[PDB]
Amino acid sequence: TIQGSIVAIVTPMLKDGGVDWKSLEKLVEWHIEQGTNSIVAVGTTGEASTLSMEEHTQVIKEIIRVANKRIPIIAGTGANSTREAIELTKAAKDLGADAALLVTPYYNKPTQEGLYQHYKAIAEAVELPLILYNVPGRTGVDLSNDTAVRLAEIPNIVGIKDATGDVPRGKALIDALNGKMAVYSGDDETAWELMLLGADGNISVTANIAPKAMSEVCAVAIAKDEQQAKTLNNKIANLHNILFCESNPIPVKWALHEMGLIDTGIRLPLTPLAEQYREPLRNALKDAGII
């Protein structure tokens, strides 16, 4: 039911690295007016890793407040500890977020059965719609289609963000399920295809800088208009590629700065996009008529 273009929104920061509230505000508002269907707050793109547990709440809150029940808001609440994921998700519900996006425990390489217990534990512990999130490159673990299918049986595990970028594997996953649980693309570059094949939307990085263009791509692809999907997406294909020239959200945060929407702030270990990539990015934003 949460469908379409879901922006994994960045957490804007001041030069000193403090959360720039106002700029955030302008973003949420801007997204809600440009077409964006929903927002993921404090996810990878929103630097969940470098924000204190209180900044998580405060940031999730500001966004829910500004949204004003207009679009659903999803809170990033994954962690590699189960007790702690349960806490974050609970706080997400209590803040009245519509859903929680939980990445697979990273770094500790839990087994498939563990991933199963992990997610089942959280689902039983909190009464909120949960979305699984697989992105092996970052986590060290790969939630198997099989396991995901196993979890689809739990009534409040309602979806999964597949960031593999592996299309065949994604179609297999969509078919293996039924509307048992939704599938969301996590790979901007292949998202249009995943959606043409059944995926219910795209938790996008690109949406941070091309919300209207991405809204239109998702609507059209979910509708199965392959021709128009390839064409609307083509006008922003390069972006998907170059917004990853360095680890997300590094490039997207600079792109935004090059749009006067946010400030250079970004927390270590992350760093401001390297000089070397800046012009190629400015160029990318022009070629695509973004600025």
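Numbers follow the displayed sequence, beginning with 1.
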- Entry-level comparison of average CA B-factors, 148-156 and 99-107, reporting the higher stretch: 148-156
- Message: Tell me which stretch has the larger mean Cα B-factor in this entry, 205-213 or 133-141.
- Response: 205-213
- Query: Per the PDB entry, which option out of 50, 44, 247, 231 has the greatest Cα B factor?
  - Reply: 231
- Place residue 117 in the lowest, middle or highest third of its chain's C-alpha B-factors, as listed in the PDB entry. middle
- Task: Classify residue 76 as lowest, middle or highest third according to the C-alpha B-factor given in the PDB entry, relative to its own chain.
- Result: middle
- Query: Where does residue 251 sit by CA temperature factor within its chain: lowest, middle or highest third?
  - Reply: lowest
- Message: Sorting by Cα B-factor within the chain, modelled residues only, which third would residue 18 end up in: lowest, middle or highest?
- Response: middle
- How does residue 82 rank on Cα B-factor within its chain, lowest, middle or highest third? middle
